[PDB]
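Novice: Protein chains in written order, with the entry's author numbering: chain A, 131 to 259; chain B, -3 to 147; chain E, 1 to 147; chain F, 0 to 76; chain C, 1 to 76. Yeah, the Cβ is synthetic: ideal placement off N, Cα and C, and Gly gets one too. Quick one: this structure, given as structure tokens, is what I'll be asking you about.
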Amino acid sequence: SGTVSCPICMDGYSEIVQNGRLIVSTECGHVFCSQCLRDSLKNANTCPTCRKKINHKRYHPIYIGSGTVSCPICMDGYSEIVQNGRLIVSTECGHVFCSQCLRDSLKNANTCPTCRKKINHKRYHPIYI
Amino acid sequence: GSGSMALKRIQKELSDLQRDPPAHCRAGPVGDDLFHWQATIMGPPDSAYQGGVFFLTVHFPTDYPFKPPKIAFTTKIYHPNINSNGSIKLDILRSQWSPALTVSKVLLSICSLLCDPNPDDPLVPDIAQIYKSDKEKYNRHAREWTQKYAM
Amino acid sequence: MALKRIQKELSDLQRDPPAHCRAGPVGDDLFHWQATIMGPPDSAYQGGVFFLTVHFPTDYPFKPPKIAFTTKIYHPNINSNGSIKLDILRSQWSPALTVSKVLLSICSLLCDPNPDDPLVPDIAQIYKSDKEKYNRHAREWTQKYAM
Amino acid sequence: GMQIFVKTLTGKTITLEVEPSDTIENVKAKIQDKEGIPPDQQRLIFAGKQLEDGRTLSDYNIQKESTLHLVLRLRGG
Amino acid sequence: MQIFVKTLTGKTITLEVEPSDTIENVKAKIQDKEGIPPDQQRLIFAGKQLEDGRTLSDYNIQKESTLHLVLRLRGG
Ligand SMILES: [Zn+2]
Ligand SMILES: [Zn+2]
Ligand SMILES: [Zn+2]
Ligand SMILES: [Zn+2]
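Below, the structure written as structure tokens:
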């Protein structure tokens, strides 16, 4: 609930990218460093946090700036997002928003607010940081 | 509510501006109305506009940030994509808007447009013709308009 | 690194000690721990204190810790040599599981045995045939070995 | 309208808004919303024992500010 | 040498670059950190956009200059 971290090695955001790894999310919305998820995929094809099958590249990088997440559209922080009943979400292109902001932005255009890549309701999912 | 999420975002942008002022602009409420701002932009250095200070109005719509801010020059400026009413024909102010863009980034984008005009689909055809035909004449006009209206 | 993760787990344990168990290095070897579990209240095991050993493999956390009881306990999935036949210790292991959560999981198994695919058939039969007899044995073994 | 704590997989604490009448399934649904772990993969532990799906919080004497512990689904063999 | 890029959210990242590096090259490094493809990046220095074929040397960008990132735009 503080800084994003990897539950396997237990390194924080800073320490993850500082040595050349990425922050990645599974499609089921579970966050890991790239080295830990890769080494995990090597031993089983299931998510370490919820056991859903993540074989065949059902994960992707996410791009967060601070280590502390926030929605760049409404500008609320994690706490404010969650206490309201909103979810934290990532597009498949790795861009993070609160769920209500991304929905509303999609009523107006079918592009990612951050990178303009084509998206729809089926191309973003919650993440559970 | 209605406008409340807009109000909070605009106040956040204003606070970020007052906290970390950018090199390229100043902007803030006209009056005690957060939805109506005055802004200023500096002419880019090493350009026909250098030394100029250009005033703009920003009107945030009620469903900001999902709809774009309405931004117009109040200072006269010579440019093929900005007319004499100050209207700016710029895609990020209409169909290519993103809610992730802040007013500061839009003002910087506008500054950038000054020396990167689109003369092919212009708002002011006569100025575009001069831009394509005789660039020196164009630069001379831009420089003299800067001198006359923006200093 | 395995060493770095185990040290992190130990620090979290020393920082925020759990109620259900104690766990920490035997000696100055981080890869070899001793643990203890309390029998759940309102159960045949109530009052009992049960000791376990935890051996972390060299490629921990991607391979599971080896965990065995050193205290004798009466249960259809824990044999008299202390071996625990439990899926999260083998095929259902996850690298996201910490030793603290695994110990709590083991505590949870005590009153939720699987008599259908048991490690000790004789005890499973007694569990299915005569639950009072099973509870009596579990209670007396707790009294004999864990108190 | 009472709060309880759930100690999640990573050892962090989340707060749930619950009623004594709420079923365990109901509590697991709220946990899924926060953690993204489906109900069938959640094993909830209180007082050293798992909490079964059909029962309520009242049935397990879970009260105002009790802490429930979350681990992954397991089965003895 | 290092330069700074002020990203869309107003945060600063550091890039490892050379004076010979093209603008495309710098945008490739920005994509790796921000996930914004090069064709959607407009980089601004001293109030002007930086064109793709040109180098950092050509724009007198130096040690610890700050580049500003906005989205692709077009006047009309
Ligand atoms: Zn990791
Ligand atoms: Zn998962
Ligand atoms: Zn938002
Ligand atoms: Zn995107």
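Closest to E:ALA68 by C-alpha separation, out of E:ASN79, E:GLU9, E:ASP29 and E:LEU30, would be which residue?
Specialist: Ranking the options by Cα distance to E:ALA68, first place goes to E:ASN79.
Novice: If you reduce the DSSP assignment to three classes, tell me which class C:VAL17 lands in.
Specialist: Residue state, collapsed to three classes: coil.
Novice: With a cut-off of 8 Å, do at least 3 Cβ pairs link the segment 14 to 28 of chain E to the segment 42 to 51 of chain E?
Specialist: Because the criterion of three Cβ pairs below 8 Å is not met, the segment 14 to 28 of chain E and the segment 42 to 51 of chain E do not touch.
Novice: Check whether the segment 6 to 14 of chain F touches the segment 96 to 105 of chain E, taking contact to mean three or more Cβ pairs, one atom from each stretch, closer than 8 Å.
Specialist: They touch, by the three-pair rule.
Novice: Can you check whether the CB of B:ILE37 is closer than 9 Å to the CB of B:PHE56?
Specialist: No.
Novice: For B:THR142, report the span of its alpha helix (DSSP H) as first-last.
Specialist: Element bounds for B:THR142: 131 to 145.
Novice: Just to check my reading of the structure: F:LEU69 and F:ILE30 have Cβ atoms closer than 8 Å, yes? What is that Cβ distance to the nearest angstrom?
Specialist: That pair is a contact at about 7 Å.
Novice: In its own chain, which residues sit with a C-beta less than 8 Å from the C-beta of E:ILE88, not counting the 5 before and 5 after it?
Specialist: Closer than 8 Å at Cβ, skipping near neighbours: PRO64, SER94, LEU97, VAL102 and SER105.
Novice: Quick one: any contact between the segment 46 to 55 of chain F and the segment 128 to 145 of chain E, if contact means 3 or more CB pairs under 8 Å?
Specialist: The segment 46 to 55 of chain F, when compared against the segment 128 to 145 of chain E, does not touch it at the 8 Å Cβ threshold.
Novice: So, is the C-beta of A:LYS172 closer than 9 Å to a C-beta in chain E?
Specialist: For A:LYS172, the answer is yes, since a Cβ of chain E falls inside 9 Å of its Cβ.
Novice: Can you give the Cα-Cα distance for C:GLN2 and B:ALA19, rounded to whole angstroms?
Specialist: Their Cα atoms are separated by approximately 21 Å.
Novice: Would you say B:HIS32 touches ligand 2, meaning its beta carbon is less than 8 Å from a heavy atom?
Specialist: Outside the cutoff, so no.
Novice: Use the C-beta contact count for C:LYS27: other C-beta atoms within 10 angstroms, 16 or more gives buried, fewer gives exposed.
Specialist: Buried, since its Cβ has 16 or more Cβ neighbours within 10 Å.
Novice: Quick one: Cα of E:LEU86 to Cα of E:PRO118, how far?
Specialist: So the alpha carbons of these two residues sit roughly 10 Å apart.
Novice: Report all residues for which the CB-ligand distance to some heavy atom of ligand 5 is below 5 Å; order them along the chain.
Specialist: For ligand 5, the structure offers nothing, since it holds only ligand 1, ligand 2, ligand 3 and ligand 4.
Novice: Assign E:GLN92 to one of three DSSP states: helix, strand, or coil.
Specialist: If DSSP states are grouped into helix, strand and coil, E:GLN92 belongs with coil.
Novice: Determine the chain A residues that contact C:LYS29 at a beta-carbon separation under 8 Å, and present them in chain order.
Specialist: Per Cβ cutoff of 8 Å: no residues; C:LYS29 is ~13 Å from chain A at best.
Novice: In three-state terms, what does DSSP make of E:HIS20?
Specialist: Of the three classes helix, strand and coil, the one that applies to E:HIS20 here is coil, per DSSP.
Novice: Closer than 7 Å, Cβ to Cβ, to anything on chain A: give me those residues from the segment 82 to 107 of chain E, in chain order.
Specialist: If the cut-off is 7 Å between Cβ atoms, the segment 82 to 107 of chain E has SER94, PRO95 and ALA96 near chain A.
Novice: Report all residues for which the CB-ligand distance to some heavy atom of ligand 2 is below 6 Å; order them along the chain.
Specialist: Taking each Cβ in turn, the ones that pass are A:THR156, A:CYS158, A:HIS160, A:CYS177, A:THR179, A:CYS180 and A:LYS182.
Novice: Distance cutoff 9 Å, beta carbons only. Does A:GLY207 sit that close to anything in chain C?
Specialist: Cβ-Cβ to chain C under 9 Å: no for A:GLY207.
Novice: Taking 9 Å as the threshold (C-beta atoms), are F:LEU56 and F:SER20 in contact?
Specialist: Yes, Cβ-Cβ distance for F:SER20 and F:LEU56 is below 9 Å.
Novice: What did DSSP end up calling B:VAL120 once you bin it into helix, strand or coil?
Specialist: In this structure, B:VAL120 counts as coil in the three-state DSSP scheme.
Novice: Any beta carbon from chain C within less than 9 Å of B:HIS20's own beta carbon?
Specialist: Yes, because at least one Cβ of chain C sits closer than 9 Å to the Cβ of B:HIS20.
Novice: Span of the beta strand (DSSP E) holding B:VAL26?
Specialist: Counting along the chain, B:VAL26 falls outside any beta strand (DSSP E), and DSSP gives it neither H nor E.
Novice: Are three or more beta carbon pairs between the segment 0 to 16 of chain B and the segment 195 to 213 of chain A nearer than 8 Å?
Specialist: Because the criterion of three Cβ pairs below 8 Å is met, the segment 0 to 16 of chain B and the segment 195 to 213 of chain A touch.
Novice: When the cut-off is 9 Å and only beta carbons count, does E:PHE31 lie next to chain A?
Specialist: Judged by the 9 Å Cβ criterion, E:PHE31 is not in contact with chain A.
Novice: So, is the C-beta of F:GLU24 closer than 9 Å to a C-beta in chain A?
Specialist: It does not: the Cβ of F:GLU24 has no partner Cβ on chain A nearer than 9 Å.
Novice: How should B:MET1 be labelled, buried or exposed, when 16 other C-beta atoms within 10 angstroms of its C-beta is the threshold for buried?
Specialist: Classification of B:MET1: buried, given that the 10 Å Cβ count is 16 or more.
Novice: Could you give the first and the last residue of the continuous beta strand (DSSP E) run that contains A:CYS163?
Specialist: Note, A:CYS163: beta strand (DSSP E), 161 to 163.
Novice: Does the segment 207 to 216 of chain A come close enough to the segment 141 to 154 of chain A to have 3 or more Cβ pairs within less than 8 Å?
Specialist: These segments do not touch.
Novice: Got a sec: which bits of the segment 41 to 70 of chain C sit with their beta carbon under 8 Å from any beta carbon on chain B, in order along the chain?
Specialist: Cβ contacts with chain B: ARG42, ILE44, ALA46, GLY47, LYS48, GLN49, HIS68 and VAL70.
Novice: Looking at chain B, is there any beta carbon in it that lies within less than 9 Å of the beta carbon of C:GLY35?
Specialist: So no, C:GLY35 is outside the interface.
Novice: Hey, could you find the ends of the beta strand (DSSP E) B:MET1 is sitting in?
Specialist: Looking at the DSSP string, B:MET1 is not in any beta strand (DSSP E); the run it does join, the alpha helix (DSSP H), is 0 to 15.
Novice: Closer than 9 Å, CB to CB, is A:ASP141 near chain B or not?
Specialist: Output row for A:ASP141: interface = no.
Novice: Mind checking A:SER209: buried by the 16 CB within 10 Å criterion, or exposed?
Specialist: Exposed, because fewer than 16 other Cβ atoms sit within 10 Å of the Cβ of A:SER209.
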